[PDB]
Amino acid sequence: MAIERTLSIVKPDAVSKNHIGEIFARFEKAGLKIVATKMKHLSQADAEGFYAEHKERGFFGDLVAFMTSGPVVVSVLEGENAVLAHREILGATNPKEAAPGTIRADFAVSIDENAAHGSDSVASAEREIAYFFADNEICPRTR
């Protein structure tokens, strides 16, 4: 319905196995538009900040450790119902529970190394996009 934006991250597992293009392609094929993107290697601090709402959770240490083990691609995806449509083609967090032809089905090995991230809601998307991108970096389409 309303055109929304969501944060994608191609996680270090998918980057190291050179699946960036294949994953971007799935998004584009579903009608999401890439309106920002950049490759970064997160520092400890950078990861902890992104995930600061899970700072006191037990899983934080290993999450942070994985997400800093190699470079990631961060991207803003734009489209009708983007938050959810993105989640649709990402599929379930567990690859074993993920539908066929989702990203988790096709590219994830495990729960921890599940290939990609999408924001879980419109409020999270707004915060997550602002964590990685100045609005000045987002590139609306003009052709």
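Just count from 1 along the sequence shown to find any residue number.
Would you mind comparing 79 to 87 and 62 to 70 for me and telling me which has the higher average C-alpha temperature factor in the entry?
Between 62 to 70 and 79 to 87, it is 79 to 87 that shows the higher mean C-alpha B-factor.
For the higher mean C-alpha B factor in the entry, choose 1 to 9 or 132 to 140.
Between 1 to 9 and 132 to 140, it is 1 to 9.
Relative to the other modelled residues of the same chain, rank the CA B-factor of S110 and answer lowest, middle or highest third.
It belongs to the highest third of the chain when residues are ordered by C-alpha B-factor.
Splitting the chain's C-alpha B-factors into thirds, which one does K29 fall into?
For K29, the deposited C-alpha B-factor lands in the highest third.
Going by what the PDB entry lists, where does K38 fall on CA B-factor within its chain: lowest, middle or highest third?
CA B-factor rank for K38: lowest third.
Using the temperature factors of the C-alpha atoms in this entry, rank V15 within its chain: lowest, middle or highest third.
Tercile = lowest for this residue's CA B-factor.
Lowest, middle or highest third: where is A92 by C-alpha B factor in its chain?
It belongs to the highest third of the chain when residues are ordered by C-alpha B-factor.
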